[PDB]
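Presented below is the structure to which this report refers.
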Amino acid sequence: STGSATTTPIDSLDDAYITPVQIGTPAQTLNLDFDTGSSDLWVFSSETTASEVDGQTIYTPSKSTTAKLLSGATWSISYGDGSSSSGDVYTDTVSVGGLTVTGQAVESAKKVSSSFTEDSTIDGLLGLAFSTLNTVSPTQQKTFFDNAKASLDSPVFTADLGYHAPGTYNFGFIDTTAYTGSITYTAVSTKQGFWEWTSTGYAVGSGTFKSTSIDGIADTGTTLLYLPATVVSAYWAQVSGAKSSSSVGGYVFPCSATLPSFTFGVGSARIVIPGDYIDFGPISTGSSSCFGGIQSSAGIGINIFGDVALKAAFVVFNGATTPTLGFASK
């Protein structure tokens, strides 16, 4: 079997992407944030603290004939951005783009932190990292992809994120019309639970390519590109007036600037991020100071190939016995 679903930016900056997901019987459609950087599928629900819901669509398990409480199971998760959520667990039928999993753990939010409440466009998250990071206790649960894997024509999914435009998540097949040239595959370490790989280096604008290993994770759930301070400094030094602002929380630059591209290496291949992709607009409404899309990972503890990088490519998440990552231009 296969699935194919369109994923849509939540706002004009591509801060995140939502993909419609059918949960329960009859279907309850929720718009979820597909996150290759975590492994919980959780949703706003009829159990969510009422004050903490502001415009989201909720999952009501009592209205689903196929929902069953997973007795005793709870979950609790905190993300790199400081946000969090927690609750209990149902199993139910879950379909993404025509692909159906029965018995999927659907984690029902009792509590969510303010950033989730404040984002009315996201009804929950669908984790696509490795199931070893799933937070359900006392019995850890499998991700949607993990559950679907054996039924899929091929044990893969692909992320094809658009720049200021819709894109596609495919499950079980590689759309050879969706990219140009060939796909370069690179090794993955699952040791931390992530789609962790090593980039072979970088270039800034039309500059010469710097060969250097950069360990990081492919994370659709993170907006920006987080890299070592050396790399980030090298990039922003090519933008007149750019500086790191402790008050704002990263590199800013004059909104009058034309940004250079940023190239990253995948084995011998190269993915080019256009400069426009690195512009995240005024730090505040009307400001002439703009926020940069490439930021330092120092103090995160890991480098993150977030949406800024991934939307410049067609990305294959290969969940074969020996997982790998593929990148193509598009």
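In order, the residues displayed for chain A correspond to 90-419 in Swiss-Prot numbering, which applies throughout.
Cβ from N, Cα, C; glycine included.
Copied from Swiss-Prot, the annotated features are:
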type	residues	note
DOMAIN	106-417	domain 'Peptidase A1'
ACT_SITE	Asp124	active site
ACT_SITE	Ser288	active site
DISULFID	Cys344-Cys379	disulfide bond
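Overlay of Swiss-Prot feature records on the structure.
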residue : record         : DSSP class
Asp124  : active site    : strand
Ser288  : active site    : strand
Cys344  : disulfide bond : coil
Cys379  : disulfide bond : strand
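Within 10 Å of the C-beta of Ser288 (active site) there are 22 other C-beta atoms, taking all protein chains into account. Spatially, by CA atoms, the recorded positions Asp124, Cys344, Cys379 include one closest to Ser288 (active site), and that is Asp124. Summary: among the disulfide-bonded residues (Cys344, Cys379), the fewest other C-beta atoms within 10 A of the C-beta are counted at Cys344. Cβ environment of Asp124 (active site): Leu214, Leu215, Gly216, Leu217, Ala218, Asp308, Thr309, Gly310 lie under 8 Å away, each six or more residues apart in the same chain.
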